[PDB]
Structure formats: structure tokens, C-alpha cells
Amino acid sequence: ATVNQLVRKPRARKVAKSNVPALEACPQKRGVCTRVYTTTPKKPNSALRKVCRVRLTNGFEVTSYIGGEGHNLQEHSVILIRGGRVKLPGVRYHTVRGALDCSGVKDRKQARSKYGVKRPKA
Amino acid sequence: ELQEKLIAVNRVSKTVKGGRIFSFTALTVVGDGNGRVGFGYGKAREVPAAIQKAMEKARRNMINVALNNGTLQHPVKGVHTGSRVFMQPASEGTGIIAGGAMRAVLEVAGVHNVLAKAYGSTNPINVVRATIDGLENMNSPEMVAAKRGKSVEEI
Amino acid sequence: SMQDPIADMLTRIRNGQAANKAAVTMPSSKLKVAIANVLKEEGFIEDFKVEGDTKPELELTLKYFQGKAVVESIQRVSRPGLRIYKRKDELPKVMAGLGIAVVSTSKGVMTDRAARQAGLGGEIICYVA
Amino acid sequence: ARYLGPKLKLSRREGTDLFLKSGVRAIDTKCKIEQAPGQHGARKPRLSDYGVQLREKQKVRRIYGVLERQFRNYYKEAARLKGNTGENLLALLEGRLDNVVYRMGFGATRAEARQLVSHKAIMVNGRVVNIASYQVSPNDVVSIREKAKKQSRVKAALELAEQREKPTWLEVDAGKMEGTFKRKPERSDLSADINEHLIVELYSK
Amino acid sequence: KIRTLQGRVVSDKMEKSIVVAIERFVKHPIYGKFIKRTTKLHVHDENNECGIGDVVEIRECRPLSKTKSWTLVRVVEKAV
Amino acid sequence: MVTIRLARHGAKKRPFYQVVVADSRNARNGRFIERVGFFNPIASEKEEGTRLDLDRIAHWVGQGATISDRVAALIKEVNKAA
RNA sequence: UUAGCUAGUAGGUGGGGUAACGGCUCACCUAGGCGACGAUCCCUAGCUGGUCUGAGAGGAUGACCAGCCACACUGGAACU
RNA sequence: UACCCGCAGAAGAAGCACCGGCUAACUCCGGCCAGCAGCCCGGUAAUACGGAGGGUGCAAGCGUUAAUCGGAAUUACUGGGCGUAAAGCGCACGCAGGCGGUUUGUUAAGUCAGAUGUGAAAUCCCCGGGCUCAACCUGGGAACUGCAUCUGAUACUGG
């Protein structure tokens with residue numbers, strides 16, 4: 001652009017839109033499980049992904065993934081969600097295992113801190 | 001006793017009636033370490049043969065670079081098809097601040113201190129071609145001094 | 001229309017050098033003659049002469065060394081659309097000192113190192129490497 | 001904040017003796033030095049550029065027993081100082097108190113030298129200094145305290161150091177159990193099999 | 001010897017006062033181009049001496065009204 | 001009034017006072033007019049811990065500035081030592 | 001994807017008022033003033049030295065520390 | 001209290017993440033399910049799932065998430081483009097605006113030079129000092145790339 005064209009209208013920095021807008025610049029958000037169900041992946045993959053819908057404390061209603069093998073999550077369960085999408089279109093948040101309603105994945109021995117599993121004492 | 005360096009090995013393929021025919025291309029660079037550097041590019045149906053062809057083509061087709069105490073004479077710009085390259089002389093002790101292909105070229109060429117940056121496409125072949133074109137177009141104070149028909153008091 | 005005759009002189013020099021022209025001719029001017037003087041005393045052109053009285057015609061004799069162009073690069077820095085003025089402590093050096101930068105200081109048109117030794121800044125006319 | 005596990009594992013991984021043992025034997029008689037540790041030690045895979053840079057940095061760190069935060073701060077200060085960054089880094093590494101005590105001859109290994117320093121058994125200019133990372137300046141005098149001169153550890157270390165090479169920048173008297181730090185070592189005085197430029201490129205990427 | 005300004009009169013409809021436009025040449029802080037900038041000032045013009053277009057020399061004084069804080073010194077060029 | 005006093009800078013348990021000329025209404029470490037010296041109360045006697053300019057101090061006292069008790073003792077000791 | 005805004009409004013004379021200049025206020029007169037260099041309107045926001053990042057130019061930011069401002073349940077007002 | 005001295009005994013003190021490529025680190029065992037995933041595995045010998053052994057990286061911490069800049073020359077002033085990849089208004093006239101051939105004189109507005117005032121302290125950076133070292137504290141300096149004023153220069157832009 002001509003220097004005069006920039007003087008009259010400067011460069012407009014491209015604005016980046018968040019990928020986790022329901023957190024509102026917070027690392028975690030608390031919400032209640034509205035509906036717990038399963039979903040089928042997309043194309044290449046084939047499974048039954050454990051997912052849940054949760055109304056957050058700021059009013060946002062989002063679908064959140066439940067990682068790990070096995071979960072005891074029912075309706076009205078108040079869980080803690082964090083960012084991190086599932087590549088399962090639509091799901092953009094993860095449920096923190098070991099956070100105030102979601103028990104840790106039982107029988108974990110490796111990467112326990114990622115699933116809220118206490119260290120097995122000898 | 002020149003140093004030889006393999007920069008990139010890439011597997012290309014041509015399709016025929018029966019199926020795909022996979023061959024390998026290797027891009028290398030050689031240099032004596034005091035101002036001579038040349039790159040070679042060989043395609044072959046196998047990796048060691050491709051590297052051998054690249055080394056033979058690189059041992060020939062070598063250019064001369066006018067170094068200045070192990071660094072560039074002046075900031076130079078090298079350009080090939082998609083890659084635009086900027087190199088700048090640094091002081092003693094900085095090292096080679098450059099990408100992979102640029103690091104290989106400037107290291108086998110004999111350059112010890114340089115601040116470099118690769119713009120556009122970072123394609124290894126075009127990056128080394130731009131680096132070579134920028135280094136061979138770099139002139140020394142004696143060259144400009146003799147080309148101006150005046151002494152070298154600018155040095 | 002013709003709104004930058006100095007850039008036109010630089011372009012004529014560049015195109016005559018790329019076409020292996022022996023000499024280039026152009027309408028003359030005081031600033032053109034000063035820049036041609038700076039180019040000749042630095043060794044980028046062989047000679048220059050101004051012919052004509054009512055319509056002076058400036059003729060620069062281009063220079064070659066090995067059948068190659070003596071002027072590798074010549075760029076207009078300060079231009080009508082964007083004027084570039086520099087102080088003496090920030091005068092530019094072309095080719096890390098191997099090239100020249102024609103600067104128009106209050107004591108006439110001179111090179112960047114001459115303006116530095118004279119303790120002067122001014123308008124950066126062009127870069128000649 | 002310390003490495004307490006196996007010592008020869010580090011030298012086997014680095015493919016080079018790191019002087020992690022005193023020297024009553026050859027390392028070849030205590031371990032397979034030419035073989036990397038673990039079940040897959042017989043294999044040797046082609047190292048990348050990042051692999052070589054990381055391995056050289058780890059070799060230097062394990063030689064001097066410095067963790068990553070302190071080594072990063074060492075590189076920061078070396079890049080801050082004037083001159084070549086690599087020799088500045090190696091000089092900063094050699095200036096440590098436990099390193100000098102080991103080089104002085106009062107420690108069979110840098111681990112027992114660090115134990116001598118930390119246990120308040122080493123003096124600097126008559127002042128008991130128990131910091132292993134204490135930067136020793138030229139003309140400093142390093143000595144064993146009166147209470148620790150009776151230990152056989154220092155005697156065995158003195159003997160083991162007499163069977164070693166003598167550093168040019170250390171004037172040590174084994175009788176008085178004291179030494180003087182004359183000057184910082186130049187690049188030509190340290191080991192020649194340490195590529196400082198690899199560490200500089202690793203930390204400047 | 002007193003610090004002053006200079007501009008052209010763009011309005012004299014008011015009584016005992018004029019509006020002087022001080023044009024200045026400023027380099028753009030980003031793109032380096034020298035752009036024109038206009039500073040319009042309500043100037044006190046007693047005797048109603050200045051017409052539209054006069055290049056006048058003004059100086060700053062105490063507030064004389066809600067918007068007037070500059071006063072006239074002399075007229076340099078007179079609307080022709 | 002204008003007063004000449006100390007502003008307690010430094011670390012915890014290791015104070016370092018800056019002799020400042022300040023309007024007595026401001027905070028201790030707040031807005032001051034001019035710094036006219038310092039005072040290190042835990043100096044090792046090997047170095048200097050009292051470098052307060054007496055010229056500007058006397059100039060300000062001549063203008064009605066008040067001297068705090070600690071600064072008065074410091075001026076007395078600086079005059080005695082020098 | 002806000003283009004027209006403004007009646008104490010702009011200026012002048014005089015009275016008053018303030019510690020002080022001043023439409024600060026009042027009477028009268030003149031008919032102006034702001035605006036495409038963004039007036040008006042709408043949304044957001046304490047400002048700065050500085051902090052983070054960056055080779056730099058810049059981008060983001062304004063917790064602690066220091067300067068300035070504003071507020072003191074909400075709205076208004078004066079007294080000393 | 002800092003600091004110092006004595007006692008006893010290895011005695012009271014190592015975890016977290018990762019190991020397909022990017023990216024340092026590999027084997028065994030249990031079926032597109034369970035599951036992993038920052039971007040490109042699992043349909044019955046999976047270095048990618050889960051467990052074990054081994055190893056790698058950090059270490060009183062280690063990871064994940066959220067947020068800013070960098071890489072991103074990916075808003076390109078430094079430092080990008082528009083025939084076919086996104087991009088030349090369908091074409092023209094034309095006000096504001098931007099720019100403007102050549103010579104002389106004059107001015108000194110832009111520009112340049114010098115000086116003065118200011119640019120709070122802290123912070124940043126440099127040389128030292130004190131805390132056993134460091135963090136931290138601190139002396140001095142540099143810097144604060146800015147603004148105003150005054151005196152000159154006249155090549156270029158402007159009047």
C-alpha cells in the first residue's frame with residue numbers, strides 16, 4: 001500500500017478469536033453436567049467417545065470430553081472443565097479428572113497426574 | 001580435505017502403468033573451509049547412490065567466496081525461486097545464526113560468524129541456491145577499490 | 001508525468017549499465033550535475049558534460065571494469081512521496097562502507113562519509129553500491 | 001538439586017569418561033563404557049543436530065555436576081560478559097568452589113569435593129565457605145580447616161591427585177593442605193574434547 | 001523576542017476576535033511521511049484589524065473568554 | 001514544612017536510608033524534592049556509609065528546611081569525622 | 001452499520017462573583033462557534049515512569065514500587 | 001536473631017512428565033473396542049492404547065490449562081502483494097487531498113549543526129561494593145532515542 005494510503009487508513013492487525021470462549025480467559029471453569037452421553041467420532045476413527053454437556057457458572061452451556069477409561073458421571077454432577085479440544089467436532093473442552101466430582105481413572109500407574117490418580121504407596 | 005555435508009534427503013515418486021516408482025534425491029554441500037563452497041543434487045533409485053551422485057556433482061561446480069577474516073564482507077541478499085535470504089556479518093564469537101541449509105552452506109563455506117535469516121519458502125534446494133548466489137555476489141574491498149580506479153582507503 | 005527527475009537519472013544510469021550502453025544522455029539540472037559530480041569523484045562514472053544553453057543536456061559516460069557494470073546497485077532513497085532526512089549520527093553506510101550514499105547537506109551535495117567527517121546530516125539522495 | 005543415582009551410567013551414555021569415580025581402577029574394569037546404558041544399549045542410532053547439541057551440553061553438565069537452572073544462568077552471564085561466549089562459560093564453570101577443591105587435590109571426585117565444601121571443611125581466605133557454586137576469584141587461598149585435616153579422605157584424594165595431571169593455574173601444597181587460585185584458565189588450558197559452540201548454538205536457538 | 005506564532009485568518013465574523021489557523025509540518029510517527037496539521041485558535045483582535053486571509057503574528061495571553069487565550073501582535077500580509 | 005529526613009530503602013533486616021529533602025506531608029518513601037545523601041547503618045567500617053552532601057543541606061537549611069534528629073546526628077558525626 | 005452538532009450556544013459592553021483569568025453568572029447586543037485533520041453520538045477504559053516479548057521497529061500490557069487523578073453505601077448540598 | 005561451638009547417628013528428606021515424526025529416549029504382554037491425540041495411532045506379533053522392564057528431560061519440583069509476544073515477512077514503516085493462487089472500481093470527468101519540469105533572488109517553515117532548560121526517583125545497561133555465594137541491597141556512571149527555547153547553515157522540500 002502507498003504510504004499515503006497507510007497514512008489515511010493504517011494497518012488493521014488481524015484479531016485472533018479464542019478457541020475456548022466459554023472459559024473467559026480463565027484456566028478452569030466449574031459447571032454442572034446437564035446430560036451425559038456418548039458420541040461417534042468423525043470419518044477415519046470409529047469409537048464411542050464419552051462426552052457430557054455442562055452449564056458453566058457463567059451461563060455458558062458447552063459439551064466437554066471425559067478422558068480416561070471409565071467414569072462415574074451422572075446428571076447434575078458439578079465438574080471442573082479445562083481447555084483442550086477433541087479432534088469429535090463440536091467438543092472443545094476437557095473434564096479435569098480428580099476435580100471435585102470426577103474421580104481419577106482407577107488402575108493408573110503412568111501419567112497419573114494427568115488423570116488425578118494418587119500415588120500408589122508401596 | 002574438504003568438508004562434505006548432507007543437507008536433505010527426499011523421496012520422490014513417478015507413476016507408471018504398474019504403480020508408483022519411488023526414487024530418492026539427496027542435496028549435499030561441500031567446501032574447503034576458507035572461501036570455496038559448492039552444492040550438489042543427485043537423484044537415484046536408492047539413498048546411498050543418490051548421496052554419492054550429489055557428492056560427485058558438489059565436488060565439481062564449486063564457487064569462490066571473498067571472505068573477510070571468517071565472516072561476510074557486507075550484508076548480502078540472496079534470492080532464488082521462492083526463497084529470499086538475508087546474511088549479515090557478525091563479530092567474533094557469535095557463531096552461525098542460520099537455518100539448517102543456511103548453516104550447512106555457511107559452515108562448509110568457511111564462514112564462522114554470521115547473522116542469517118531465511119524468508120519466503122524454506123525449501124532446502126532453493127535455500128542453498130539463494131545462499132550460494134548471495135555469497136558469490138559478495139565483493140571485497142579490493143574488488144570495489146580496483147573497480148573504482150582508486151586506492152583501498154575505504155577499508 | 002515527470003515528478004522525480006533524480007530517480008529518472010538513476011533509472012537511466014541503471015538501464016544504460018544493464019544494456020551495456022557507452023554513455024547516457026538526459027535533460028540537465030543543477031541537482032543532477034551535483035549528483036553526477038559526486039558519482040564521478042567517487043569513481044562510478046568516467047566523465048560527464050553539459051551541452052546546450054536553453055535546454056541543457058547532461059551526458060554521463062558509463063564505466064565498466066571486466067565487461068561488467070561498475071554500478072552494481074543504485075536506488076532512490078528520498079523521493080517525492082516520502083522524504084528521508086538523517087542526522088549526522090545516523091547517516092547510513094551502503095555495503096558496510098564499500099558503497100556510497102549521496103547526501104544533500106547544507107554545504108552542498110556530498111557522500112555520506114564526507115558529510116560524517118564534516119559533522120553534517122541532511123537528505124539522503126540515493127544509495128550507490 | 002543433586003544427582004545421587006548411578007555414576008558410571010552417565011559416562012556410558014556420554015561415551016566418554018566423566019571422572020565420576022575416584023580412579024582406583026580403570027572405568028573399563030567397572031562397567032561397559034563403550035556401551036550405552038539400558039536394555040537397548042548395544043544399538044547406536046544416528047544422532048540429530050539437536051541430539052548432538054543436547055548430548056554435549058549434558059556431558060559438560062554431568063562433568064561439572066551442575067543442574068539445568070544454574071547452567072542456564074551460567075550461559076546467560078557468559079553471553080552477557082564481553083568476549084567469546086564459550087570460553088566465558090567454561091571459565092565460569094571452572095571458577096566454582098567444589099570444582100577448584102577437586103582440582104586442588106582435596107577431593108577424589110567432585111562429589112566428595114562438594115561434600116568437603118558443603119560440610120564446612122573448606123576455607124577461602126580464612127573464611128569457611130560452604131557454597132559449592134561459590135565463584136573463586138584470582139589470588140584466593142583455599143585450605144582445609146584445622147578440624148578436617150585429620151580425615152583420611154583428604155589423604156587418599158591427595159594421593160589420587162598426585163597420580164593425575166597438575167593444572168597450571170593452581171599452586172597447591174599437600175603438606176599444609178592449602179592452595180592458591182592464581183588466575184582463570186584460558187580456553188587452551190581446559191579439555192580440547194569439549195565443543196562450547198555446540199552449547200552456544202543449543203542455548204541460542 | 002517574545003515567543004509567538006503565525007497563521008492565516010480563516011474567520012472574522014465575531015467582534016474583536018478572529019480565528020487563526022496555524023499550519024504545521026509534522027512527520028508521521030509511523031510511516032515517516034511529512035503531513036500537514038492545522039491548529040485553529042480563537043485570537044483576540046481588538047480594533048477588528050484583521051480580515052479573512054491575513055497572515056498574522058499572534059501570542060499567548062491570559063484567558064479572555066471561554067475559548068480565547070491568544071492575542072494579536074501584528075499583521076504581516078493583508079488578504080491580497 | 002520542608003524537612004530533611006531519611007527514606008528507609010534496602011532489604012529486610014538490612015536497611016539503607018536515603019537522606020532526602022521532602023515536604024513533610026508526603027510519605028516516608030514517597031514524593032521528595034531532592035536527595036542529598038545516603039546512610040548505611042550496617043556498614044562494615046571498611047567502606048563508606050555516610051555520603052550526605054553538606055553543601056545542599058546547608059543551602060536548604062538556609063531556606064527554612066527542617067533537619068530531623070537522625071539527620072542532625074549524622075551531620076554532627078560527618079563534621080566530626082571530617 | 002453514528003454526519004451533522006450547539007441557545008449560555010460563540011463573541012462583545014456593562015453589573016455581579018472568585019484567592020485568581022474566564023459565560024463563572026446575569027441583563028442587553030451582535031450571529032455566530034465546532035465538524036470529513038472525524039464534531040455529535042455509541043461501546044470500552046484510570047493515566048504515566050514502567051512490565052513482558054522482540055535483533056530492532058513494533059505488539060501486548062498498566063499487579064507489586066513511585067508520581068498524578070477519581071472515589072468513600074447511592075444522589076445532592078454546603079459549613080469550618 | 002544472624003553467626004559460632006558441642007552431641008548422636010546415614011541416620012529425618014525424590015518426585016513429575018515423556019520415549020511414532022516434529023523432539024532427547026525402545027522392547028515384552030492384554031482388537032477401529034477400550035482408549036490416546038499440540039499438528040500429521042487402535043479392524044487379532046500396536047516403539048502412538050493400558051501395564052511392566054529399560055531409557056530420556058527436568059528436579060523440590062514436574063506437567064496440564066488460561067493469557068501476551070516471538071517464530072508470523074501471517075497487516076510487510078523497517079518488511080508483502082493484485083494476468084492465472086485472495087486482490088485493478090465496467091469506463092471516464094472532477095472538488096478536497098497527495099505529488100509536481102527548469103533558472104535566478106529572497107525567507108529560514110520542514111531539514112541540519114551547536115548551546116541552554118527540562119526529560120522525578122526507582123527500573124534497564126556498565127564498572128565496583130555488602131550480604132559465606134546467588135537472589136537481593138547498594139555507590140557512581142551511562143541511558144531516558146523526547147519537547148521547548150536561543151544562535152547559525154542554505155544543499156534539498158516549502159512560501
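The sequence lines fix the lettering, A, B, ..., with proteins before strands; numbering per chain opens at 1.
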query: Which part of the nucleic acid, if any, lies within reach of A:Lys14 when heavy atoms closer than 4.0 Å are counted: base, sugar-phosphate only, or nothing?
result: base

- prompt: When all nucleic acid strands are considered with a 4.0 Å heavy-atom cut-off, which category describes A:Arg85: base, sugar-phosphate, or nothing?
  reply: sugar-phosphate

field: Reported CZ-to-CD1 distance for the pair C:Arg76 and C:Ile124, which is rounded to 0.5 angstrom
entry: 11.5 Å

message: According to ring-ring contact (aromatic ring centres under 6.0 Å, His included), who are the partners of C:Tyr85, at least two apart in sequence or on a separate chain?
response: E:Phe34

- prompt: Which letters describe nucleotides 10-21 of chain G, given B = protein heavy atom under 4.0 Å from base, S = only from sugar-phosphate, - = neither?
  reply: SBSS-------B

- request: Check the pair C:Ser28 / C:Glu57 against side chain to side chain donor-acceptor pair (under 3.5 Å), numbers first and verdict last.
  value: CA-CA 5 Å; C:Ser28 151; C:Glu57 214 87 20; over 6 Å; no

- prompt: Just by distance, do the side chain of F:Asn40 and the backbone of F:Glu48 share a donor-acceptor pair under 3.5 Å?
  reply: no

message: Are F:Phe16 and F:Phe38 an aromatic pair, judged by ring center distance below 6.0 Å?
response: yes

query: How is E:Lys27 classified with respect to the nucleic acid when contacts are heavy atoms under 4.0 Å: base, sugar-phosphate, or nothing?
result: nothing

query: Nearest nucleotide by nearest heavy atom, which residue falls closer to the 5' end of RNA chain G, E:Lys13 or E:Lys40?
result: E:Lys13

message: Base, sugar-phosphate or nothing for A:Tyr115? Non-hydrogen atoms, less than 4.0 Å.
response: sugar-phosphate

message: Can you check the distance between H:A121 and G:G4, where both ends of the measurement are the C1' atom (answer in whole Å)?
response: 49 Å

message: Under a plain distance cut-off of 3.5 Å, with no hydrogens placed, do D:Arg96 and D:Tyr74 share a side-chain donor-acceptor pair?
response: yes

query: When all nucleic acid strands are considered with a 4.0 Å heavy-atom cut-off, which category describes D:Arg96: base, sugar-phosphate, or nothing?
result: nothing

message: Students often get this wrong, so: under 4.0 angstrom with heavy atoms, is A:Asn4 touching a base, only sugar-phosphate, or nothing?
response: sugar-phosphate

message: Heavy atoms only, 4.0 Å cut-off, all strands: where does D:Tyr50 land among base, sugar-phosphate and nothing?
response: base

message: Taking any heavy-atom pair under 4.0 Å as a contact, classify D:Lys57: base, sugar-phosphate, or nothing.
response: sugar-phosphate

- prompt: Checking all strands, does E:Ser11 fall into the base, sugar-phosphate, or nothing category for heavy-atom contacts under 4.0 angstrom?
  reply: sugar-phosphate

query: So what does F:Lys13 hit on the nucleic acid, given a heavy-atom distance under 4.0 Å: a base, only sugar-phosphate, or nothing?
result: nothing

task: Indicate, with a heavy-atom threshold strictly under 4.0 Å, whether F:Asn40 touches base, sugar-phosphate, or nothing.
output: nothing

- prompt: Across the strands shown, which category fits C:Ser1 at heavy-atom distances under 4.0 angstrom: base, sugar-phosphate, nothing?
  reply: nothing

query: Using Watson-Crick (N1 to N3, and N6-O4 or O6-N4) or G-U wobble (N1-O2, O6-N3) distances under 3.5 Å, do G:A31 and G:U9 pair?
result: yes

task: Could you tell me which groove, major or minor, holds a base atom under 5.0 Å from a side-chain heavy atom of C:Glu123?
output: minor

Quick one: which protein N/O atoms are closer than 3.5 Å to N/O atoms of nucleotides 47-58 of chain G? Pair and distance per line, please.
none

Outermost RNA chain H nucleotides near chain A [under 4.0 Å, heavy atoms]: H:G15 to H:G98

- line: With sequence neighbours left out, the residues meeting ring-ring contact (aromatic ring centres under 6.0 Å, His included) with A:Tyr65 are A:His94

- prompt: Heavy atoms under 4.0 Å, any strand shown: does A:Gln110 hit a base, just sugar-phosphate, or nothing?
  reply: base

- request: Using heavy atoms to find the nearest nucleotide of RNA chain H for C:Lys30 and F:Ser44 separately, return the residue whose nucleotide is more 5′.
  value: C:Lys30

statement: Rounded to the nearest 0.5 angstrom, the CD-CZ distance for E:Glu60 and E:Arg3 is 8.0 Å

message: Does C:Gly108 reach a base, just sugar-phosphate, or nothing at all? Heavy atoms under 4.0 Å.
response: sugar-phosphate

query: Hey, which of these two, E:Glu23 or F:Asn26, hits RNA chain G nearer its 5' end, going by closest nucleotide?
result: E:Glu23

- line: Residue set satisfying side chain to side chain contact (heavy atoms under 4.5 Å, CB included) with A:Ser18, at least two apart, ordered chain then number -> A:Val20

H:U157 versus H:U111 - spacing of their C1' atoms, nearest Å: 8 Å

- prompt: 5'-most contact on RNA chain H: D:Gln115 or D:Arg13, nearest heavy atom basis?
  reply: D:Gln115

